[PDB]
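The structure appears right after this line, and notes come after that.
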Amino acid sequence: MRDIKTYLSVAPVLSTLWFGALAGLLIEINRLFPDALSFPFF
Amino acid sequence: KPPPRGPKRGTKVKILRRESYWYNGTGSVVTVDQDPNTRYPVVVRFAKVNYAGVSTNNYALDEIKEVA
Amino acid sequence: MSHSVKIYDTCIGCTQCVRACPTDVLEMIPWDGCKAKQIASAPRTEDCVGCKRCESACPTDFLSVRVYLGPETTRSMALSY
Amino acid sequence: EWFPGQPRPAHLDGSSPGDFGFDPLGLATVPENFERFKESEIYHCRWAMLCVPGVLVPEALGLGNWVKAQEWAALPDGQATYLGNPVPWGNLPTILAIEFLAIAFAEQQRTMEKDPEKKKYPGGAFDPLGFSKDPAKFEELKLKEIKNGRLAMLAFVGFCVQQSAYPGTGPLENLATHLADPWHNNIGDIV
Amino acid sequence: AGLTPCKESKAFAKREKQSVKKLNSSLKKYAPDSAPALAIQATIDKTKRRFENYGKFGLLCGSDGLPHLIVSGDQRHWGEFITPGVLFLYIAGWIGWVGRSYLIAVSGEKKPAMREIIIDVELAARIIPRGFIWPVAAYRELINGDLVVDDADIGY
Amino acid sequence: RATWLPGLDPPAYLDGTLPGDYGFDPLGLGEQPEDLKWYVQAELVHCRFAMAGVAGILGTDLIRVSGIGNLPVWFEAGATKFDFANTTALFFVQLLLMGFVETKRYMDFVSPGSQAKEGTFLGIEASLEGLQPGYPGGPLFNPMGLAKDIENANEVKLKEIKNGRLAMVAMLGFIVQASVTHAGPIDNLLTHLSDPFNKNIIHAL
Ligand code: CLA
Ligand SMILES: CC(/C=C/C=C(C)/C=C/[C@@]12O[C@]1(C)C[C@@H](O)CC2(C)C)=C\C=C\C=C(C)\C=C\C=C(C)\C=C\[C@@]12O[C@]1(C)C[C@@H](O)CC2(C)C
Ligand SMILES: CC1=C(/C=C/C(C)=C/C=C/C(C)=C\C=C\C=C(C)\C=C\C=C(C)\C=C\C2=C(C)CCCC2(C)C)C(C)(C)CCC1
Ligand code: SF4
Ligand code: SF4
């Protein structure tokens, strides 16, 4: 069990997990606020 | 009767050789040779590695500054 | 003299350069300036091809055998024809 | 001290008139730089104290301000007016030549003496009464001069900046402007 | 600089007209209720509300009917460059400041080599929020003089 | 010790002499003395401005709505005008005296007591220090000199801390509350009190 977690902590595996989460987040935001050329809140 | 010369052991030293790979760096003294004729007595071990992979070499007394 | 091979006083007498000369340039002579009590020596620089492997096996601070490439002769160019 | 709570920069240990611990740029590190600065300081003080009332009092009379009193030289046929009177030598090349030779020579007479103390405090023919009699009073006499002289320089800065902010104005004209409505005429309205 | 507002520029309201007509051209070939007809319609509405937002948030359009950005800092236009820009700089430090903390954190170990190819996840979890306040934390380091070193560079 | 997070232990440096030491500084923002020493005043000056600040926002809108008096919204107060008040000059004026009082306080922390040995008379005694950096009570700053400087400082400052800590939060409420509701703070309270389960930030969005 410990060895599995350690392997999951090596750099490449984190990268896909981290970037994959990042890709999902940006895609969602563009799905809800599309075209987004300016920041018209303030 | 004469005491050993140079640092004793473990004492961090600041390297002063200009062409070295660890100039202005710090290593650990592992042994000093007590033969007066020996031309580079202080055997310095480091933490990094030079481009050859080596991580130790001899040094001269005046190229070693004994930080504390 | 075709190429110039020079050995400094840093050398620790490890006999790693001599064993790595492919054309028998360097050789070992007695000294008194090291624990090993021997320093390398280059008395046959004519046949020195210039293959820097002689000093890719000198394990010192910078280097203790150094090779400067000068003019080229028919053996320092390793011509077989 | 000027800034109660900061340590004195080591090279300002009184030992001078008008010295309150103020050298943030360390301009006076070199003693030679230190002494020459005193000269320029007292001179910049000395000239300024003369110039401020000469800028104001004419405006307090019918005469034009410190800007108008230089304007005839702009036009080629300029002739001056002192107390309104057209002085004959008021043409620009005339006064300029008179100005140049007199200013340079007397100011060169300065450049050719190195006491160096007299280069700040000559006295003598410049002290026809001899206020320097009481060294205690004379030392305080420098203080009054220094602080007043520093006061003059700022007033000079106010006069000039108010001119750039308000072209073609007078300091008393500026003063009265504020004096109408101080709360709607201020340095607030520039920016 | 002569850039008329997009809500006014007839060229802007021309591009909006063509791209709608171009899509409506591709639509009068499928069934009025099949899946293609809906996806086409979805993109049509997305386009019209795209153009409206560009003619609403004060984007200035040239003679190309296209928006132009004024990055000069005229604070009538702060949400074009300056506001998104500050938003980036906040994030960029957060990435920068966190990573610095970790390398320092694992620096004092037997071999920092192993703790970087095999990242310590728990330690990187108690450090991941410290990047919320990086502007405050760093600016104190700069004043205290621990953000930089002076002449001890290689080795230690 | 009754920290903020029951299970969690308090950090080692928040020993507890500072009033309101509820072992709370998760991000490692106070693990250096000179850091922590300069941070305490910030909370003290912020909270005090945030104690009066909410009341000025609060009380003014309370009296206006009920009808006793009339004043603009604190949101709308910035553009107000009666006479002889160019917002230009006021900014300069307020910057001046505040600049004067803020600095002399700054010099006190930078150099304790190096603020009440000078020439200017008649006042050179009180502005020494309260003997506690963030509490400069003197016989002018505490004209009802009503402190013993040690005992209640544990038990009364702890009131002024937990008072301020609340007040700083409250002001943050109005800024966001006015940012979304477009209305007055009590208006936000009055609206929510009307139909609480329908007047909520979920509906405000
Ligand atoms: C913690 C990460 C970190 C930090 C704080 C810095 C900081 C710096 N780098 Mg840099 N660098 C890094 C990682 C980092 N580097 C990595 C991984 C690479 C290899 C691609 C580089 C390659 C690089 C080059 C080539 C240059 C710098 C330069 C600089 C300096 C100017 C900033 C700049 O230009 O950014 C440069 C930014 C990049 C090149 C983008 C890549 C950085 C990645 C995206 C960040 C990685 C963060 C890390 C993986 C996250 C760890 C999280 C942890 C919890 C596990 C500054 C001292 C420049 C310099 O010398 O200026 C003085 C310069 O020329 N760096
Ligand atoms: C000063 C302040 C407000 C002052 C208000 C004033 C003067 C109001 C003035 C006015 O209304 C009047 C009077 C009249 C109006 O006509 C004019 C205006 C101007 C409108 C609020 C502070 C408000 C400040 C707040 C809310 C600060 C919150 C900070 C938090 C939560 C930080 C927490 C942490 O830092 C710790 C504690 C430990 C870390 O380890 C973890 C983290 C989380 C990082
Ligand atoms: C305003 C503006 C502008 C301009 C700008 C500019 C001009 C700027 C400059 C700038 C500059 C001139 C800068 C400089 C700098 C320097 C330095 C020196 C820096 C440094 C930094 C640092 C050092 C950092 C660090 C860090 C941190 C803190 C975070 C992350 C991590 C690290 C560690 C990296 C424009 C027009 C564009 C537009 C409008 C706006
Ligand atoms: S270059 Fe080659 S031939 Fe020459 S000394 Fe080195 S190893 Fe020998
Ligand atoms: S390799 Fe270097 S150290 Fe070794 S014997 Fe040769 S010259 Fe000497």
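Residues are referred to by chain and number: the chain letter is A, B, ... according to the order shown in the structure tokens, the number counts from 1 in that chain, and ligands are numbered separately from 1 in the order shown.
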
- How would you write, as a VMD selection string, the set of residues no farther than 8 Å from ligand 3 when counting only C-alpha atoms and all ligand atoms? chain E and resid 71 to 73 82 92 to 100 134 to 135 138 to 139 147 to 148

- Env. residues ligand 1 / 12 Å / only C-alpha atoms and all ligand atoms / as a ChimeraX atom specification: /A:9-12,14-15,18-19 /E:91-106,115-131,147-148

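Close contacts of residue 54 of chain D, defined as residues with an atom at most 10 Å away when counting only C-alpha atoms, with chain neighbours fewer than 5 positions off set aside, comprise residues 48, 49, 59, 65 and 66 of chain D.
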
Could you save the residues just selected, with N, CA, C and O atoms, as a PDB file, in the first residue's frame?
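Written file, part.pdb:
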```pdb
ATOM      1  N   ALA D  48      19.418  84.294  -2.733  1.00  0.00           N
ATOM      2  CA  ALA D  48      17.971  84.141  -2.668  1.00  0.00           C
ATOM      3  C   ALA D  48      17.339  85.192  -1.768  1.00  0.00           C
ATOM      4  O   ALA D  48      16.314  85.782  -2.120  1.00  0.00           O
ATOM      5  N   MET D  49      17.938  85.447  -0.607  1.00  0.00           N
ATOM      6  CA  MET D  49      17.356  86.424   0.303  1.00  0.00           C
ATOM      7  C   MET D  49      17.258  87.791  -0.347  1.00  0.00           C
ATOM      8  O   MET D  49      16.312  88.536  -0.083  1.00  0.00           O
ATOM      9  N   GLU D  59       5.855  94.187  -7.355  1.00  0.00           N
ATOM     10  CA  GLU D  59       4.454  93.840  -7.531  1.00  0.00           C
ATOM     11  C   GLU D  59       3.581  94.562  -6.517  1.00  0.00           C
ATOM     12  O   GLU D  59       2.407  94.831  -6.794  1.00  0.00           O
ATOM     13  N   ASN D  65       5.414  92.263 -12.482  1.00  0.00           N
ATOM     14  CA  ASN D  65       5.943  91.197 -11.645  1.00  0.00           C
ATOM     15  C   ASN D  65       7.368  90.859 -12.073  1.00  0.00           C
ATOM     16  O   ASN D  65       7.960  91.510 -12.937  1.00  0.00           O
ATOM     17  N   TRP D  66       7.935  89.820 -11.463  1.00  0.00           N
ATOM     18  CA  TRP D  66       9.278  89.354 -11.785  1.00  0.00           C
ATOM     19  C   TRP D  66       9.382  88.755 -13.179  1.00  0.00           C
ATOM     20  O   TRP D  66      10.499  88.545 -13.659  1.00  0.00           O
TER      21      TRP D  66
END
```

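Atom CA of residue 128 of chain F lies 14.7 Å from atom CA of residue 102 of chain F.
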
- Message: As a quick test: using only C-alpha atoms and all ligand atoms, which residues lie no more than 9 Å away from ligand 5? Give them as a ChimeraX atom specification.
- Response: /C:7-20,26-28,38-41,54-60,63-66

- Task: Would you list the residues that come within 8 Å of ligand 4? Count only C-alpha atoms and all ligand atoms and give the answer as an MDAnalysis selection string.
- Result: chainID C and resid 3 5 17:18 20:26 42 45 47:55 67

Grab the residues selected above and save them as a PDB file, in the first residue's frame with N, CA, C and O atoms.
```pdb
ATOM      1  N   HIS C   3      51.915  18.004 -31.104  1.00  0.00           N
ATOM      2  CA  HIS C   3      51.077  18.591 -30.076  1.00  0.00           C
ATOM      3  C   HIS C   3      51.886  18.676 -28.792  1.00  0.00           C
ATOM      4  O   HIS C   3      52.841  17.928 -28.592  1.00  0.00           O
ATOM      5  N   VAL C   5      51.989  18.282 -24.796  1.00  0.00           N
ATOM      6  CA  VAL C   5      51.346  17.629 -23.666  1.00  0.00           C
ATOM      7  C   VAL C   5      52.066  18.064 -22.407  1.00  0.00           C
ATOM      8  O   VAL C   5      53.280  17.881 -22.298  1.00  0.00           O
ATOM      9  N   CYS C  17      45.925   8.322 -16.628  1.00  0.00           N
ATOM     10  CA  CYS C  17      46.226   8.870 -17.942  1.00  0.00           C
ATOM     11  C   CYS C  17      47.114   7.931 -18.729  1.00  0.00           C
ATOM     12  O   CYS C  17      46.840   7.649 -19.895  1.00  0.00           O
ATOM     13  N   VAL C  18      48.159   7.396 -18.100  1.00  0.00           N
ATOM     14  CA  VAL C  18      49.094   6.546 -18.827  1.00  0.00           C
ATOM     15  C   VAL C  18      48.383   5.342 -19.407  1.00  0.00           C
ATOM     16  O   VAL C  18      48.575   4.997 -20.573  1.00  0.00           O
ATOM     17  N   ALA C  20      45.506   5.107 -20.395  1.00  0.00           N
ATOM     18  CA  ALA C  20      44.507   5.498 -21.373  1.00  0.00           C
ATOM     19  C   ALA C  20      45.102   6.155 -22.602  1.00  0.00           C
ATOM     20  O   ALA C  20      44.354   6.648 -23.441  1.00  0.00           O
ATOM     21  N   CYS C  21      46.412   6.185 -22.734  1.00  0.00           N
ATOM     22  CA  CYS C  21      47.014   6.690 -23.957  1.00  0.00           C
ATOM     23  C   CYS C  21      46.991   5.588 -24.997  1.00  0.00           C
ATOM     24  O   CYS C  21      47.581   4.532 -24.779  1.00  0.00           O
ATOM     25  N   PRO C  22      46.322   5.777 -26.139  1.00  0.00           N
ATOM     26  CA  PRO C  22      46.230   4.709 -27.123  1.00  0.00           C
ATOM     27  C   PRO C  22      47.454   4.553 -27.984  1.00  0.00           C
ATOM     28  O   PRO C  22      47.531   3.580 -28.732  1.00  0.00           O
ATOM     29  N   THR C  23      48.413   5.464 -27.920  1.00  0.00           N
ATOM     30  CA  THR C  23      49.610   5.356 -28.740  1.00  0.00           C
ATOM     31  C   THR C  23      50.886   5.482 -27.929  1.00  0.00           C
ATOM     32  O   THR C  23      51.934   5.777 -28.490  1.00  0.00           O
ATOM     33  N   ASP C  24      50.819   5.262 -26.623  1.00  0.00           N
ATOM     34  CA  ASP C  24      51.995   5.191 -25.766  1.00  0.00           C
ATOM     35  C   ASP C  24      52.790   6.499 -25.802  1.00  0.00           C
ATOM     36  O   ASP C  24      53.920   6.549 -26.275  1.00  0.00           O
ATOM     37  N   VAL C  25      52.167   7.565 -25.295  1.00  0.00           N
ATOM     38  CA  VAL C  25      52.891   8.812 -25.091  1.00  0.00           C
ATOM     39  C   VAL C  25      53.338   8.913 -23.647  1.00  0.00           C
ATOM     40  O   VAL C  25      54.530   8.843 -23.360  1.00  0.00           O
ATOM     41  N   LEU C  26      52.395   9.032 -22.722  1.00  0.00           N
ATOM     42  CA  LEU C  26      52.731   9.335 -21.341  1.00  0.00           C
ATOM     43  C   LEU C  26      53.399   8.142 -20.672  1.00  0.00           C
ATOM     44  O   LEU C  26      53.318   7.017 -21.152  1.00  0.00           O
ATOM     45  N   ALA C  42      55.516  12.934 -19.903  1.00  0.00           N
ATOM     46  CA  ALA C  42      55.174  12.846 -21.318  1.00  0.00           C
ATOM     47  C   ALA C  42      56.422  13.024 -22.155  1.00  0.00           C
ATOM     48  O   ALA C  42      56.655  14.096 -22.710  1.00  0.00           O
ATOM     49  N   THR C  45      55.952  12.995 -26.954  1.00  0.00           N
ATOM     50  CA  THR C  45      54.832  13.762 -27.469  1.00  0.00           C
ATOM     51  C   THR C  45      54.700  13.709 -28.979  1.00  0.00           C
ATOM     52  O   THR C  45      53.684  14.174 -29.492  1.00  0.00           O
ATOM     53  N   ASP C  47      54.177  11.186 -31.104  1.00  0.00           N
ATOM     54  CA  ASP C  47      53.114  10.313 -31.551  1.00  0.00           C
ATOM     55  C   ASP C  47      51.773  10.682 -30.971  1.00  0.00           C
ATOM     56  O   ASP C  47      50.821   9.920 -31.113  1.00  0.00           O
ATOM     57  N   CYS C  48      51.663  11.828 -30.330  1.00  0.00           N
ATOM     58  CA  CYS C  48      50.433  12.171 -29.640  1.00  0.00           C
ATOM     59  C   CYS C  48      49.369  12.541 -30.643  1.00  0.00           C
ATOM     60  O   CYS C  48      49.451  13.588 -31.274  1.00  0.00           O
ATOM     61  N   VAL C  49      48.341  11.708 -30.762  1.00  0.00           N
ATOM     62  CA  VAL C  49      47.341  11.915 -31.789  1.00  0.00           C
ATOM     63  C   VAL C  49      46.429  13.081 -31.476  1.00  0.00           C
ATOM     64  O   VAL C  49      45.842  13.659 -32.385  1.00  0.00           O
ATOM     65  N   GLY C  50      46.286  13.456 -30.218  1.00  0.00           N
ATOM     66  CA  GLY C  50      45.370  14.508 -29.840  1.00  0.00           C
ATOM     67  C   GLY C  50      44.062  14.036 -29.256  1.00  0.00           C
ATOM     68  O   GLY C  50      43.253  14.868 -28.863  1.00  0.00           O
ATOM     69  N   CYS C  51      43.847  12.734 -29.158  1.00  0.00           N
ATOM     70  CA  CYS C  51      42.623  12.155 -28.616  1.00  0.00           C
ATOM     71  C   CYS C  51      42.542  12.483 -27.146  1.00  0.00           C
ATOM     72  O   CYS C  51      43.178  11.826 -26.325  1.00  0.00           O
ATOM     73  N   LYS C  52      41.705  13.432 -26.794  1.00  0.00           N
ATOM     74  CA  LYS C  52      41.704  13.962 -25.438  1.00  0.00           C
ATOM     75  C   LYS C  52      41.313  12.941 -24.400  1.00  0.00           C
ATOM     76  O   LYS C  52      41.210  13.300 -23.240  1.00  0.00           O
ATOM     77  N   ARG C  53      41.113  11.671 -24.743  1.00  0.00           N
ATOM     78  CA  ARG C  53      40.807  10.670 -23.736  1.00  0.00           C
ATOM     79  C   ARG C  53      41.918  10.524 -22.714  1.00  0.00           C
ATOM     80  O   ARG C  53      41.682   9.979 -21.642  1.00  0.00           O
ATOM     81  N   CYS C  54      43.122  10.990 -23.020  1.00  0.00           N
ATOM     82  CA  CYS C  54      44.208  10.924 -22.052  1.00  0.00           C
ATOM     83  C   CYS C  54      43.910  11.763 -20.840  1.00  0.00           C
ATOM     84  O   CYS C  54      44.388  11.456 -19.752  1.00  0.00           O
ATOM     85  N   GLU C  55      43.138  12.829 -21.006  1.00  0.00           N
ATOM     86  CA  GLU C  55      42.799  13.713 -19.903  1.00  0.00           C
ATOM     87  C   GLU C  55      41.308  13.753 -19.614  1.00  0.00           C
ATOM     88  O   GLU C  55      40.861  14.612 -18.861  1.00  0.00           O
ATOM     89  N   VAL C  67      46.420  19.059 -22.776  1.00  0.00           N
ATOM     90  CA  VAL C  67      46.830  18.820 -24.151  1.00  0.00           C
ATOM     91  C   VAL C  67      46.509  20.033 -25.003  1.00  0.00           C
ATOM     92  O   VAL C  67      45.339  20.402 -25.134  1.00  0.00           O
TER      93      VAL C  67
END
```

For segment 12-29 of chain F, find every residue with an atom within 9 Å (counting only C-alpha atoms), except residues of its own chain fewer than 2 positions away, and show them as a compact mmCIF listing (two decimals) with C-alpha atoms, in the first residue's frame.
```txt
# COMPACT_ATOMS: atom_id res chain seq x y z
CA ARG E 126 0.95 22.26 3.99
CA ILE E 127 2.82 24.64 1.67
CA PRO E 129 -1.78 27.58 0.65
CA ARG E 130 1.17 29.72 1.73
CA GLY E 131 0.98 31.13 -1.78
CA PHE E 132 -2.27 32.84 -0.92
CA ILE E 133 -0.34 35.59 0.87
CA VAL E 136 2.74 40.03 2.02
CA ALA E 137 5.25 37.33 2.86
CA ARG F 1 -6.04 25.96 25.85
CA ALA F 2 -9.15 26.56 23.74
CA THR F 3 -7.63 27.29 20.37
CA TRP F 4 -9.69 28.04 17.28
CA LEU F 5 -9.56 24.42 16.07
CA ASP F 9 -2.57 21.97 18.62
CA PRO F 10 -1.57 25.64 18.66
CA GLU F 31 7.26 32.61 12.81
CA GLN F 32 9.78 35.42 13.16
CA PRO F 33 9.73 37.85 16.09
CA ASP F 35 7.77 39.97 11.78
CA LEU F 36 5.33 39.18 14.57
CA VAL F 40 0.52 43.12 16.18
CA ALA F 153 -4.22 44.61 30.06
CA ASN F 154 -4.68 40.86 29.98
CA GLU F 155 -8.39 41.02 30.72
CA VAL F 156 -9.45 44.27 29.01
CA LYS F 157 -7.28 44.25 25.90
CA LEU F 158 -8.73 40.81 25.29
CA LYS F 159 -12.03 42.66 25.06
CA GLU F 160 -10.63 45.23 22.64
CA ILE F 161 -9.06 42.49 20.53
CA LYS F 162 -12.14 40.30 20.23
```

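Straight-line separation from atom CA of residue 52 of chain F to atom CA of residue 167 of chain F: 8.6 Å.
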
- Tell me, which residues of segment 30-103 of chain D carry DSSP helix (DSSP H, G or I), written as an MDAnalysis selection string? chainID D and resid 31:60 68:70 92:103

- Message: Can you work out which residues are within 6 Å of ligand 2, considering only C-alpha atoms and all ligand atoms, and then hand them over as a ChimeraX atom specification?
- Response: /F:25-29,46-47,49-50,53-54,56-57,74,77,168-169,171-172

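Pairwise distance (atom CA of residue 56 of chain B, atom CA of residue 29 of chain C) equals 24.7 Å.
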
- Task: List the neighbours of residue 32 of chain A out to 12 Å using only C-alpha atoms; skip same-chain residues closer than 6 positions along the sequence, and give me the result as a ChimeraX atom specification.
- Result: /A:25-26 /E:46

Residues from last step as file, N, CA, C and O atoms, as a PDB file, in the first residue's frame:
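out19.pdb written:
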```
ATOM      1  N   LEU A  25     -10.445  22.364 -15.441  1.00  0.00           N
ATOM      2  CA  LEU A  25     -10.909  23.620 -14.872  1.00  0.00           C
ATOM      3  C   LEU A  25     -11.044  24.690 -15.942  1.00  0.00           C
ATOM      4  O   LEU A  25     -12.081  25.353 -16.044  1.00  0.00           O
ATOM      5  N   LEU A  26     -10.013  24.858 -16.768  1.00  0.00           N
ATOM      6  CA  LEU A  26     -10.051  25.900 -17.784  1.00  0.00           C
ATOM      7  C   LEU A  26     -11.142  25.637 -18.808  1.00  0.00           C
ATOM      8  O   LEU A  26     -11.811  26.567 -19.268  1.00  0.00           O
TER       9      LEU A  26
ATOM     10  N   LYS E  46     -24.617  31.419 -29.539  1.00  0.00           N
ATOM     11  CA  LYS E  46     -23.338  31.741 -28.927  1.00  0.00           C
ATOM     12  C   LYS E  46     -22.657  32.886 -29.648  1.00  0.00           C
ATOM     13  O   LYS E  46     -21.987  33.702 -29.015  1.00  0.00           O
TER      14      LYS E  46
END
```

- Task: Find the residues near residue 6 of chain E: any atom within 12 Å, counting only C-alpha atoms, skip ones fewer than 2 places away on the same chain, and give them as a PyMOL selection string.
- Result: chain E and resi 2-4+8-16+51-69

Got time to write the residues from that selection, C-alpha atoms, as a short mmCIF file (atom, residue, chain, number, x, y, z; two decimals), in the first residue's frame?
```
data_model
loop_
_atom_site.label_atom_id
_atom_site.label_comp_id
_atom_site.auth_asym_id
_atom_site.auth_seq_id
_atom_site.Cartn_x
_atom_site.Cartn_y
_atom_site.Cartn_z
CA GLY E 2 -9.85 57.22 -33.75
CA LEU E 3 -11.03 53.75 -32.74
CA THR E 4 -14.81 54.05 -32.69
CA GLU E 8 -21.29 51.90 -32.95
CA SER E 9 -19.00 50.57 -35.69
CA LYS E 10 -21.05 49.46 -38.68
CA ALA E 11 -18.17 47.24 -39.71
CA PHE E 12 -18.50 45.39 -36.41
CA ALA E 13 -22.20 44.93 -37.07
CA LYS E 14 -21.28 43.65 -40.52
CA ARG E 15 -19.02 40.82 -39.34
CA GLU E 16 -21.78 39.80 -36.96
CA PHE E 51 -20.83 40.11 -30.46
CA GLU E 52 -23.15 41.81 -27.99
CA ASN E 53 -20.70 41.45 -25.12
CA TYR E 54 -17.98 42.96 -27.30
CA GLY E 55 -20.27 45.89 -28.06
CA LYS E 56 -21.17 46.20 -24.38
CA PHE E 57 -17.97 46.17 -22.36
CA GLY E 58 -16.58 49.19 -24.19
CA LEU E 59 -14.25 47.51 -26.65
CA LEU E 60 -13.17 49.96 -29.35
CA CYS E 61 -13.31 48.79 -32.96
CA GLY E 62 -11.23 50.06 -35.87
CA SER E 63 -12.12 50.10 -39.55
CA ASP E 64 -11.88 46.31 -39.67
CA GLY E 65 -14.92 45.87 -37.47
CA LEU E 66 -12.59 44.16 -35.04
CA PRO E 67 -11.88 44.96 -31.38
CA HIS E 68 -8.67 46.75 -30.52
CA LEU E 69 -6.99 46.72 -27.12
#
```

Pull out every residue of chain F that has at least one atom within 12 Å of chain D, counting only C-alpha atoms, and report them as a compact mmCIF listing (two decimals) with C-alpha atoms, in the first residue's frame.
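Written output follows (selection-v9.txt):
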```txt
# COMPACT_ATOMS: atom_id res chain seq x y z
CA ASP F 83 -19.61 74.23 1.22
CA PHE F 84 -15.93 75.28 1.21
CA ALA F 85 -14.85 71.64 0.82
CA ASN F 86 -12.93 70.85 -2.31
CA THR F 87 -12.31 67.12 -2.11
CA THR F 88 -8.88 68.04 -3.45
CA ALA F 89 -7.90 70.11 -0.41
CA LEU F 90 -9.52 67.80 2.14
CA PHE F 91 -7.43 64.92 0.85
CA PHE F 92 -4.33 67.07 1.23
CA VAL F 93 -5.50 68.31 4.63
CA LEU F 95 -3.06 63.53 4.46
CA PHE F 100 1.84 63.82 11.20
CA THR F 103 4.68 59.03 11.60
CA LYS F 104 5.26 60.05 15.20
CA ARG F 105 3.63 56.77 16.14
CA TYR F 106 5.92 55.00 13.69
CA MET F 107 8.93 56.67 15.28
CA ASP F 108 7.72 55.43 18.66
CA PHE F 109 7.83 51.78 17.66
CA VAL F 110 11.07 52.36 15.76
CA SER F 111 12.50 54.13 18.81
CA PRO F 112 10.51 53.81 22.04
CA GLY F 113 10.36 56.96 24.09
CA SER F 114 12.32 58.89 21.50
CA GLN F 115 9.25 61.04 21.03
CA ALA F 116 8.86 63.05 24.26
CA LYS F 117 12.28 64.66 24.78
CA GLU F 118 12.28 67.73 22.55
CA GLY F 119 11.92 71.49 22.62
CA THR F 120 8.24 72.06 21.90
```

- Apply DSSP to the backbone of this structure and, from segment 1-67 of chain B, keep only the residues in strand (DSSP E or B); write these as a PyMOL selection string. chain B and resi 12-15+26-32+42-45+56-57+64-65

May I have the residues of chain C within 6 Å of chain B, counting only C-alpha atoms, written as a compact mmCIF listing (two decimals) with C-alpha atoms, in the first residue's frame?
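Listing of result26.txt after writing:
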```txt
# COMPACT_ATOMS: atom_id res chain seq x y z
CA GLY C 33 55.34 15.20 -3.91
CA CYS C 34 52.41 12.86 -3.37
CA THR C 60 41.55 16.33 -10.09
CA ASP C 61 40.23 19.78 -9.32
CA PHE C 62 40.56 21.06 -12.84
```
